[PDB]
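Protein chains in written order, with the entry's author numbering: chain E, 4 to 272; chain D, 3 to 270; chain C, 3 to 270; chain A, 3 to 271; chain B, 3 to 271.
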Amino acid sequence: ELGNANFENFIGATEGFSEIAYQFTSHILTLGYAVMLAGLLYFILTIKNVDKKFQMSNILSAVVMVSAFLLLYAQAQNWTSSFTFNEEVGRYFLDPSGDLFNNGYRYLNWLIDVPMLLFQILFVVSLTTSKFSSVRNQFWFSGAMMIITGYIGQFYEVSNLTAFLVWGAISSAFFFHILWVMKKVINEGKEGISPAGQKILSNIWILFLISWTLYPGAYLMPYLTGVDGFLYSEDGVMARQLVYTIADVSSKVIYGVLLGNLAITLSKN
Amino acid sequence: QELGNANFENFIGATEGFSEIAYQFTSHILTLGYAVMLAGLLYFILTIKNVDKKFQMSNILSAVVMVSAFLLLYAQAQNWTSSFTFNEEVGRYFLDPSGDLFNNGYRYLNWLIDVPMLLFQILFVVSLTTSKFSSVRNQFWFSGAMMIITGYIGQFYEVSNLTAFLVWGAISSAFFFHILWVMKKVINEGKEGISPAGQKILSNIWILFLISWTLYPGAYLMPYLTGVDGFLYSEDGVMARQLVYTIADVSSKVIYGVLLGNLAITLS
Amino acid sequence: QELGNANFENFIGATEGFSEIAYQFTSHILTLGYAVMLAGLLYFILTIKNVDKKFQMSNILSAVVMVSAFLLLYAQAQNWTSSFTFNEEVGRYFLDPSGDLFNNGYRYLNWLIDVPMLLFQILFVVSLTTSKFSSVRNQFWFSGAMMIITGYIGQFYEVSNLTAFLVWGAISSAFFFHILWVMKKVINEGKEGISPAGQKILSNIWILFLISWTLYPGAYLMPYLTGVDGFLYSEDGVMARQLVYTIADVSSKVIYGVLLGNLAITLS
Amino acid sequence: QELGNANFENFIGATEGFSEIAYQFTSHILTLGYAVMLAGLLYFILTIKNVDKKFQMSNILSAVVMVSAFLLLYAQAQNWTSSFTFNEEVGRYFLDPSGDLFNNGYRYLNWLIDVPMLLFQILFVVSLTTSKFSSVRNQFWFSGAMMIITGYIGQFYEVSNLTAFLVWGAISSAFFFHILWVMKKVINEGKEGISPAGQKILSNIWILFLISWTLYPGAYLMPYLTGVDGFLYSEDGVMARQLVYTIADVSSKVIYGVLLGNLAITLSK
Amino acid sequence: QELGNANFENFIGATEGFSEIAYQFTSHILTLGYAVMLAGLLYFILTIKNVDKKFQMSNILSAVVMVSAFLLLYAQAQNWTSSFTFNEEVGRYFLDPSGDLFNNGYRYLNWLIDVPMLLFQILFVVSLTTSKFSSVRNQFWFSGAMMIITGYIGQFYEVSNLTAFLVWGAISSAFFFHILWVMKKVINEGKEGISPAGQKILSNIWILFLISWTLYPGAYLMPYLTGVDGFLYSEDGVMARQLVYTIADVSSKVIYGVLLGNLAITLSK
Ligand SMILES: *C/C=C(C)/C=C/C=C(C)/C=C/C1=C(C)CCCC1(C)C
Ligand SMILES: *C/C=C(C)/C=C/C=C(C)/C=C/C1=C(C)CCCC1(C)C
Ligand SMILES: *C/C=C(C)/C=C/C=C(C)/C=C/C1=C(C)CCCC1(C)C
Ligand SMILES: *C/C=C(C)/C=C/C=C(C)/C=C/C1=C(C)CCCC1(C)C
Ligand SMILES: *C/C=C(C)/C=C/C=C(C)/C=C/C1=C(C)CCCC1(C)C
Ligand SMILES: CCCCCCCCCCCCCCCCCCCC
Ligand SMILES: CCCCCCCCCCCCCCCCCCCC
Ligand code: NA
Ligand code: NA
Ligand code: NA
Ligand code: NA
Ligand code: NA
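Below, the structure is given as structure tokens:
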């Protein structure tokens, strides 16, 4: 009996994980947190490369880096502690002494990441029709609602599929609102800047859309091939954590780097 | 099973145990706490040069509080996860004494850093008018120390001796009310003779201070806010206590420091 | 149960065990200690540029002492929590030999950083008149080293051999008195030719130094301050010893450095 | 006992076990590795201001690589010490599955940081002539990623499936050769129009790059460099592999960065 | 039972075990060591700007050495405490093989950082007269590497094979004497043409170097300095060895760097 636990624990407790699955998941989480610490150093060391008015972006990027490093390190340790090798069959099985594995660790830490990532672009682009404070408030409210509803949802991904899907849809509504507001922000930011900055802003928009869409994908991952599908397996576990790592790097580090490049081009010198 | 003067989390964990949701949520919220504290440390260090020299002591004290809070919340998260272990037969997390009993006192003693400094730093932004700096500082520090120490004594008896728990809590509340009085005076005097933007920021600071600080005795009382054998005397109350702690920590420390920095900026 | 030349904390833990309150309080006070030390490190680094170049060596040495103290107190907190484990049947923490016996000697050898540097750093703020810098430094360093090493040898015998314990303590006390004399001379000469505010700060520094440094032999003698089989030869004495250690640490290091910084500011 | 797709260190440790010398030396060499990486981090940060502004990006990228390498090598040292435990009866260290299986893949995924950045940073010191910056960078990044991913897949089968091991290794070697080609081009173009001292520094950089990077497929092949049941299919091969890894890491990262810094100094004014 | 090529600390711990005083003292001295190293790191960073630009590299190298030493000593402290565990029945700490055997080799490989850098950094303060910079550097580095490697091989056999122990020690001692010769020359040339205060500082540095560096072969020989079954082949010898290591480390690294900084100050304007 596992109750309201993530599906990684069910797979680990019934079939277990092959060497490749367990080792790969550990490797990808380690890569994640190492990327976050390296990004922290990068964003600190390049602060003085942009005009004063843009440096708040670098600062917020560093804040996000700290959050992500700490969380991903904890999550890597959680993964390696929750599953242990069984010599008889050569697979890693659920070790309850390590606690059940739970992805929710990320969700609450998104309560840092999402507000800040949405916030920092407002320190680079200049709005035209929209009010700064109103856009910020909309970002923050919709982000909080999205994160909390998805957090509740993911606890039931095995024990109660209906709650899982309903909470996911409720979260998706706020997600769509966030996408709308960000589209407005980028469009207004394009107005009245050099074509190079406009190209950077278009790249930022594409990056934002794809990387942020990856997260509900990881949310749904075990069921993307339906019940007892190919992905309801260790393959799905690997896929979920890989998608998480790609999304983390893209939405945080590369996003911050593109914002820094935009700040450089908009800066005098 | 004999637990003595232990927090009610240990009694819940030893009798009913914790569901996956309760245990995991508590771990998540404590992790969020310490991550917020370290991020705030970085923010306050990186923004020091944004204010006039005379105001930078506030940034420095914010960073000090951030260091204290990060260390404490990290240790407390590890304590939580070490004290409770999964029982596979029933699927619940039960008290694991090899990890030591869980105790909230870790927070309390670290408040001996946070409370004096948080109360101190506001005096580096506002200018007093009728009140003396040294007098306000000494009152803040004495009353904070007494509040913290009495509440610390109280919380050990929250299960073993409800009477001592409540008496120590009331004694602490007296010093708390004194602190609220002194802070109200400080905010009012700080409003005198400053720009309207600063006055709006100071009003916001007062409201934030009042609510966030009042949350702490709420967490203190949490297991009994629905009476004996109430709805909250359960894993729900454990979750609520740690949630309220995290909200109060973030609001009273990080947001407080940020608003103080904004006030310093407007006054520069 | 054979413990040999071990500190009395282990004997209390192996015979009576520790109640929840005693164990938890000791953990809390050691954690508070190391958190205070890290916060002090941050403060002293961030305030370096607040004083003239000639005084900044004091800030730097304060930071060095902070590093030493943080590392040592963190290690000691981990040692405390590893050495004693909960017994479910009776609800007390007993000696867990897999965690090693508890020993305060960790502090003593780390004083070989703290004591030379603390005594040294004051020579970068005050100006001597009749005394020679090098002579004062050398006397400070020799007497500190001898005091620390002899007390270190002594504390291993606080239970196994009371005679060696007391004899080594007295030998240490002689060098302690020599240090007190030299520090009195230094402070008196430092008062000569500076403003009255600096003189008041120096008087405060002297009082702080005397009390905080006297606290250490108090912790040394703590288990026997009520004689054999006294009230303090118990978990109460363990709590008192670590509490006195923490108060002395904070006072002699952080507050001492802060007062020195204020003196440097007034002299700048 | 069944180990599946595991590195040969696990098979040696589970069958013969490790003598004191082999186990201790491997631990020492991994510890030395991560210590060198953190020291290099400090050096590259402290010497940033020794070069003109335009060259400081090289210092920054060196520091990023140092962070990656430190984190990875520390984790790997802990993994080594966790996977093998002393057996009192015979005096050898045997596989301790409770510590998890030992796997070199930790280094491969972190190369996804190291290789792109190491190749990138030289473009902030040398000036290209006929080649385009973006094209060289894109080729570097794509070929490095493919090399790393194919070798990572390969190394899981070094015992369980020699054929897949060798096929994936060859595919990786192709991208390696492409990288060597592009780097030779970069060095040649960089030599044009700089002082003879800088040209000598660039020649040294080329030799260092070639040797240090070639050491890595050597470590890949190590257990079989003396054939089946050869001298190296033993604890000697395990220690030799980790030794080659550490030499290659230090040379390809720290000494590479130091030579680039010296080149930047000579080019500065 | 069978310990093989292990350090004598493990033999003492496995046969007689360690009393409370011996075990606790060794742990305390290792902790003191690494604390001193981290404090020195902070000191050397914070005082960089106290000397003229051309001398600041010395500060940097001191910081580099501090990092290495810190990491190594930290690891060694934990290693000590993991290798020996209290036996309740008799009240002594005995070898706990689950923690791994204790090995001093951790120090030796980290000297491959410490020894070259310590020898290198003095060349950034003193001016040579008859000797060539590159020649002195090359000789220092080669002879240091050989000394370290030969001593490292030797120390594994200090119990299992006394003959190899002494032969490798003597081979190391030859390179040690060469290093002493070259350093004496360097000090003599550095004294020429500087103020007498600087000359006195250099004399003090020479004395410090000679004594502190000679302490290391003393620790090498420690268990046998009173012959077979001597007073020092005991827990007293273990304590003495680690104490000598700590004194030598502090003197040869921290105090050495401080004296070099003082020399740089006196030569500065
Ligand atoms: C650094 C983290 C970032 C940018 C996180 C972004 C999160 C999302 C886009 C969340 C999406 C969710 C839904 C739209 C539906 C299901 C639940 C979520 C929380 C996964
Ligand atoms: C960052 C931490 C802060 C601001 C802590 C503030 C602490 C309090 C407001 C303490 C309150 C207490 C009482 C008023 C009554 C019951 C006991 C306490 C200690 C929880
Ligand atoms: C930060 C640490 C400081 C200032 C330590 C000071 C140490 C002492 C005052 C030592 C005192 C001792 C004696 C005078 C007698 C008994 C033994 C000692 C070592 C505790
Ligand atoms: C700091 C790390 C660096 C520069 C790593 C470089 C990695 C390689 C040159 C990898 C090479 C490989 C092949 C050419 C063949 C076999 C598989 C690899 C991945 C080991
Ligand atoms: C910080 C560490 C330093 C300066 C290390 C210095 C090392 C030595 C002087 C090495 C000495 C050795 C011999 C001369 C003979 C026996 C073997 C050694 C390796 C201990
Ligand atoms: C110049 C600085 C002046 C600082 C004055 C502030 C004083 C704060 C220290 C208060 C210490 C209170 C002591 C509490 C004793 C605890 C008794 C507990 C009773 C059970
Ligand atoms: C220029 C600096 C001159 C240094 C002055 C003296 C300060 C160093 C004193 C070192 C004291 C070491 C005492 C240890 C002796 C061993 C103790 C054995 C038991 C008594
Ligand atoms: Na595991
Ligand atoms: Na747990
Ligand atoms: Na414990
Ligand atoms: Na091991
Ligand atoms: Na131990």
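For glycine and all other residues, C-beta sits at the position ideal for the given N, C-alpha and C.
Distance check between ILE47 of chain E and each of E:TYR36, E:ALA176, E:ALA37 and E:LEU63 places E:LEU63 closest, using alpha-carbon atoms only. For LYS255 of chain C, the CB falls within less than 6 Å of some heavy atom of ligand 3. Under the three-state reduction of DSSP, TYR36 of chain A is assigned to helix. Within a 10 Å sphere around the beta-carbon of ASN7 of chain C sit 16 or more other beta-carbons, which makes this residue buried.
If you draw a straight line from the Cα of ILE213 of chain E to the Cα of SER129 of chain A, it is about 35 Å long.
In the three-state DSSP reduction, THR152 of chain D falls in the helix class (H, G or I). For the 7 Å CB-CB criterion, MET224 of chain B and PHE177 of chain B do not form a contact. For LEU103 of chain A, the secondary structure class from DSSP, reduced to helix, strand or coil, is coil. By the beta-carbon neighbour count (other beta carbons within 10 angstroms, threshold 16), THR216 of chain E is exposed. Under the Cβ criterion of 7 Å, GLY6 of chain B is counted among the residues facing chain A. Under the three-state reduction of DSSP, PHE122 of chain E is assigned to helix. Here the C-alpha atom of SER29 of chain B lies approximately 35 Å from the C-alpha atom of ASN12 of chain D.
Using a 10 angstroms sphere on the CB of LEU32 of chain D, the tally of other CB atoms reaches 16 or more, which defines it as buried.
When rounded, the separation of the alpha-carbon atoms in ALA242 of chain B and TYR226 of chain B is 12 Å. When the beta-carbon positions are compared, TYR154 of chain D and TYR110 of chain D come within less than 7 Å of each other. Within the same chain, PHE46 and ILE50 come within 6 Å of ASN61 of chain D by CB-CB distance, once the 5 residues on both sides are set aside.
Judged by their CB atoms, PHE158 of chain E and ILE23 of chain D are nearer to each other than the 7 Å cut-off. Looking only at C:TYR76, C:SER270 and C:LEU125, the smallest Cα-Cα distance to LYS187 of chain C is reached by C:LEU125.
Nearest to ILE209 of chain E by alpha-carbon distance, out of E:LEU40, E:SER254, E:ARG94 and E:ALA16, is E:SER254.
Taking 7 Å as the Cβ-Cβ cut-off, the region 145-156 of chain C has no residue approaching chain B. C-alpha of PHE179 of chain E to C-alpha of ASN89 of chain A: approximately 59 Å in a straight line.
Rounded to the nearest angstrom, the gap between the Cα atoms of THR87 of chain A and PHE96 of chain A is 6 Å. Annotation: the continuous alpha helix (DSSP H) that includes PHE177 of chain C extends over 164-193.
One Cα belongs to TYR258 of chain B, the other to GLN58 of chain D, and the distance between them is close to 37 Å.
Taken in chain order, the members of the region 103-122 of chain A whose beta-carbon sits within less than 9 Å of a beta-carbon on chain E are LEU103, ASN105, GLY107, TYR108, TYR110, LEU111, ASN112, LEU114, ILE115 and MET119. Chain-order list of chain D residues neighbouring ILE14 of chain E: empty, with the shortest C-beta distance near 16 Å, by a criterion of under 7 Å. Not a single CB atom of chain B sits nearer than 7 Å to the CB of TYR218 of chain A. Nearest neighbour of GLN3 of chain C by Cα position, chosen from C:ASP98, C:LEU234, C:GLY220 and C:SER197, turns out to be C:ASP98. Within chain E, no residue has its CB atom less than 8 Å from the CB of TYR258 of chain D, the nearest being about 17 Å off.
Membership of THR17 of chain E in any beta strand (DSSP E) is not indicated; the residue belongs instead to the alpha helix (DSSP H) covering 10-17. Its chain contains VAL53, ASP54 and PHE57 as the residues whose beta carbon lies nearer than 7 Å to that of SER270 of chain B, once the 5 sequence neighbours on both sides are disregarded; these appear in chain order. Counting the other Cβ atoms within 10 Å of the Cβ of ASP116 of chain B gives 16 or more, which makes it buried. Judged by their CB atoms, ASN264 of chain B and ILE203 of chain B are nearer to each other than the 7 Å cut-off. Note that the C-beta distance between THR268 of chain C and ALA199 of chain C is below 7 Å. Excluding the 5 residues flanking it on each side, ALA79 of chain B has same chain C-beta neighbours closer than 7 Å at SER29, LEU32, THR33 and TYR36, in chain order. Burial check for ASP231 of chain D: the Cβ neighbour count within 10 Å stays below 16, so the residue is exposed.
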